[PDB]
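J.:
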Amino acid sequence: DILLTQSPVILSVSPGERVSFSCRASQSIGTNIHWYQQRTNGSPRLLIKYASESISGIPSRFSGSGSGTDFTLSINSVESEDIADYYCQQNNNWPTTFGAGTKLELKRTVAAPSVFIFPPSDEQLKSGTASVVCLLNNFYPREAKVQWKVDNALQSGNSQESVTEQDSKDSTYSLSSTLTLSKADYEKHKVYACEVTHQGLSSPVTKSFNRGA
Amino acid sequence: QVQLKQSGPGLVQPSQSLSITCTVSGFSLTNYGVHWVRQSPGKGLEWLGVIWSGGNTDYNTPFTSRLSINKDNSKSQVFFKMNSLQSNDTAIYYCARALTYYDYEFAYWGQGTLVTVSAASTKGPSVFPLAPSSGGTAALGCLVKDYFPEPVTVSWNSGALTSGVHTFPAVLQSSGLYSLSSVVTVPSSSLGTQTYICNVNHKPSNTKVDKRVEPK
Amino acid sequence: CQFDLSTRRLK
Ligand SMILES: *[C@@H]1O[C@H](CO)[C@@H](O)[C@H](O)[C@H]1NC(C)=O
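Residue numbers (my numbering), protein chains in the order written: chain A, 1 to 213; chain B, 214 to 429; chain C, 430 to 440.
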């Protein structure tokens with residue numbers, strides 16, 4: 001099998017800049033290489049066929065070049081909707097094989113998160129479990145700290161985070177922090193606060209509620 | 214135009230078989246061959262096989278022993294069956310079509326079928342509201358909890374509400390069940406006049422829930 | 430980088 005090595009594994013550029021993807025074959029394959037794009041939750045999208053040939057419906061800012069073993073996919077003016085992974089595929093030798101892909105991340109101005117806190121619903125409490133969700137919305141960059149405190153006790157190990165992939169429109173991330181208690185432990189306390197630290201905040205933002213009022 | 218639609222995602226027990234149906238339109242299975250590609254965490258994109266216009270099949274070498282592709286030209290359906298699955302066969306399976314009848318540049322793809330190889334049980338999710346309570350912008354959402362396996366789809370107001378929606382990637386809890394939240398930001402003034410429903414559908418369990426999210 | 434079945438993106 002032809003081994004296709006794509007480098008680097010991560011690319012990070014700014015809008016309007018030009019970017020290049022490399023895909024190298026373990027032996028000569030002529031120009032028998034194809035390029036695909038995969039957005040979040042998407043299927044592959046054919047961008048270039050046979051090193052350089054255009055595909056219908058693909059924006060003109062996508063192009064390709066190369067021959068032999070060294071091939072390059074290029075975007076001459078990156079837009080926010082170009083956040084995806086990009087793969088190469090060879091079909092000069094059976095069976096056809098794909099590369100491992102390159103991730104395209106986009107830089108942008110710092111944006112502070114908007115923070116919201118949600119108590120557990122009375123519907124969930126009927127099942128003996130309490131979920132306290134802390135939402136960090138539309139921020140950049142991805143680095144963020146969430147600190148849970150129940151009656152000034154530091155929570156640790158009883159929460160889970162989830163970060164969306166980069167938004168195709170404004171390049172921001174959103175983060176959910178879910179603190180999980182038993183209904184017994186949730187009813188034995190009063191003050192629930194998530195403290196958020198981010199580069200775009202001059203000092204940590206704390207959202208809190210008292211169970212009831 | 215040209216479309217490929219695959220059967221729903223589901224669980225498969227270890228050492229048991231997998232069956233996916235690819236129904237095509239916009240072209241005839243007598244004029245084009247249909248390929249099958251999978252995408253796993255370990256091996257990435259992996260070409261599996263193809264059934265040609267004339268009915269012949271080629272299988273990639275490590276799968277010639279447990280792969281079987283068939284079709285029905287009249288019903289425009291391609292049938293994929295792989296035997297004796299193990300945990301590392303857990304992947305997204307696609308059906309795809311090339312630009313030309315003989316080639317391998319894949320211009321049209323199916324939406325993908327996430328197959329989970331596991332001995333666990335299929336379990337539908339509970340849906341709990343994330344009720345609103347910053348500068349005239351309110352945040353609300355839904356808690357989709359304790360389901361298995363992935364995936365689960367979440368829309369808002371039957372697709373009419375997409376602006377400001379964030380459905381977070383699912384996380385695996387210590388119980389072995391997944392959980393996620395889907396949130397959206399709306400104007401505070403619309404909380405009185407507009408209804409906000411999250412449409413949750415966990416196809417592996419045939420669990421379909423619509424949750425109305427109100428201020429408490 | 431590893432492919433993520435939940436997001437269909439590389440992680
Ligand atoms: C699955 O494991 C087998 C060993 O039984 C290995 O040969 C194969 O490459 C693996 N496939 C993956 C990781 O997709």
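Built from N, CA and C at the ideal position, the CB exists for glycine as well.
Would you say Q124 of chain A reaches chain B, if we count a Cβ-Cβ gap shorter than 8 angstroms as a contact?
T.: Interface residue, yes.
J.: Counting Cβ pairs closer than 8 angstroms, one from the region 287–298 of chain B and one from the region 383–396 of chain B, do we hit at least three?
T.: These segments do not touch.
J.: So, does the CB of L439 of chain C fall closer than 8 angstroms to a CB anywhere in chain A?
T.: It does: the Cβ of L439 of chain C has a partner Cβ on chain A nearer than 8 angstroms.
J.: Between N32 of chain A and the rest of its own chain, which residues show a CB-CB distance below 7 angstroms, the 5 nearest in sequence each way excluded?
T.: The residues are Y50, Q90, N91 and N92.
J.: Kindly indicate which residue of A:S77, A:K169 and A:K190 has the alpha-carbon position closest to the one of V132 of chain A.
T.: It is A:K190.
J.: Would you please state the rounded distance, in angstroms, between the beta carbons of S26 of chain A and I2 of chain A? I believe it to be under 8 angstroms.
T.: Contact holds; Cβ gap of about 6 angstroms.
J.: Closer than 7 angstroms to a non-hydrogen atom of ligand 1 - does that hold for the CB of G262 of chain B?
T.: No, ligand 1 has no heavy atom inside 7 angstroms of this Cβ.
J.: Can we count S253 of chain B as close to ligand 1, meaning its CB is less than 7 angstroms from some heavy atom?
T.: For ligand 1, at least one heavy atom lies less than 7 angstroms from the Cβ of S253 of chain B.
J.: According to DSSP, which residues form a beta bridge with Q216 of chain B?
T.: The partner list for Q216 of chain B (beta bridge, DSSP) reads B:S238.
J.: Between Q155 of chain A and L179 of chain A, which are expected to be in contact by the criterion C-beta below 8 angstroms, what is the C-beta distance as a whole number of angstroms?
T.: So it is a contact: roughly 6 angstroms between Cβ atoms.
J.: Hey, out of B:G267, B:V250, B:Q407 and B:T350, whose CA is closest to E259 of chain B's CA?
T.: The candidate whose alpha carbon is nearest that of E259 of chain B is B:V250.
J.: Whether or not the region 322–339 of chain B and the region 295–311 of chain B are in contact is what I'm after, with contact meaning three or more pairs of Cβ atoms, one per stretch, closer than 8 angstroms; do they touch?
T.: Cβ pair count under 8 angstroms is three or more, so yes.
J.: Report the rounded CA-to-CA distance for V357 of chain B versus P345 of chain B, giving the unit in angstroms.
T.: About 17 angstroms.
J.: Is DSSP giving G257 of chain B helix, strand or coil here?
T.: It is a strand residue.
J.: Does the beta carbon of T164 of chain A sit closer than 8 angstroms to a beta carbon anywhere in chain B?
T.: Taking Cβ atoms only, chain B reaches closer than 8 angstroms to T164 of chain A, which makes this a yes.
J.: Could you tell me which whole beta strand (DSSP E) segments of length 3 or greater appear in the region 83–130 of chain A?
T.: For the region 83–130 of chain A, whole beta strand (DSSP E) runs of length 3 or above, ordered along the chain, are 85–90, 102–106 and 114–118.
J.: Are the Cβ atoms of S60 of chain A and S52 of chain A separated by less than 8 angstroms?
T.: No.
J.: For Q299 of chain B, verify whether its CB is less than 7 angstroms away from any heavy atom of ligand 1.
T.: Yes, ligand 1 has a heavy atom inside 7 angstroms of this Cβ.
J.: When DSSP labels each residue in this structure, what does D316 of chain B get in the three-state scheme?
T.: Of the three classes helix, strand and coil, the one that applies to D316 of chain B here is coil, per DSSP.
J.: Compare the C-beta of residue 166 of chain B with all C-beta atoms of chain C and state if any pair is closer than 8 angstroms.
T.: With chain B represented from 214 up to 429, any question about residue 166 of chain B goes unanswered, as that position is not in the structure.
J.: Tell me whether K288 of chain B counts as near ligand 1, meaning its Cβ is closer than 7 angstroms to at least one heavy atom of that ligand.
T.: Because no heavy atom of ligand 1 lies under 7 angstroms away, the Cβ of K288 of chain B does not count as near it: no.
J.: Cβ closer than 7 angstroms: which chain F residues qualify as neighbours of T5 of chain A?
T.: Looking for chain F here will not work: the only protein chains present are A, B and C.
J.: Residues of chain C with CB under 7 angstroms from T40 of chain A, in chain order?
T.: Near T40 of chain A (Cβ distances below 7 angstroms), the residues of chain C are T436, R437 and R438.
J.: For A84 of chain A, which residues in chain B fall below 8 angstroms Cβ to Cβ?
T.: Under the 8 angstroms cutoff, chain B gives no residues; its nearest Cβ is about 14 angstroms from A84 of chain A.
J.: What whole-angstrom Cβ distance do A84 of chain A and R39 of chain A have, given they're in contact under 8 angstroms?
T.: Confirmed, about 5 angstroms.
J.: Cβ-heavy atom distance between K256 of chain B and ligand 1 below 7 angstroms?
T.: Flag set: Cβ of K256 of chain B near ligand 1.
J.: Note down, in chain order, each residue of its chain lying with its Cβ closer than 6 angstroms to the Cβ of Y87 of chain A, except the 5 sequence neighbours on either side.
T.: Correct list, in chain order: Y36, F98, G99 and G101.
J.: Rounded to whole angstroms, what's the CA-CA distance from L224 of chain B to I264 of chain B? Just pull it up for me.
T.: Roughly 25 angstroms between the two C-alpha positions.
J.: Alpha carbon to alpha carbon, how far is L343 of chain B from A213 of chain A?
T.: Roughly 17 angstroms separates the two Cα atoms.
J.: Is it the case that the Cβ atoms of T366 of chain B and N414 of chain B are separated by a distance below 8 angstroms?
T.: Cβ atoms of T366 of chain B and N414 of chain B: closer than 8 angstroms.
J.: Would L136 of chain A and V19 of chain A qualify as a contact pair, given that the criterion is a beta-carbon distance under 8 angstroms?
T.: Not closer than 8 angstroms, so no.
J.: Does ligand 2 have even one heavy atom less than 7 angstroms from the beta-carbon of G66 of chain A?
T.: Ligand 2 is absent from the structure shown, which contains only ligand 1.
J.: Using a beta-carbon distance cut-off of less than 8 angstroms, what residues from the region 365–378 of chain B approach chain A?
T.: Per Cβ criterion, the list is empty.
J.: Which chain B residues are close to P8 of chain A, counting only those with a beta carbon under 8 angstroms from its beta carbon?
T.: The contacting residues do not exist; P8 of chain A stays about 16 angstroms from chain B at best.
J.: If you compare alpha carbons, which of B:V237, B:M295 and B:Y409 is closest to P275 of chain B?
T.: Closest by alpha carbon: B:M295.
J.: Which word fits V115 of chain A, buried or exposed, when buried means at least 16 other C-beta atoms lie within 10 angstroms of its C-beta?
T.: The residue in question, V115 of chain A, is buried, as its Cβ has 16 or more Cβ neighbours within 10 Å.
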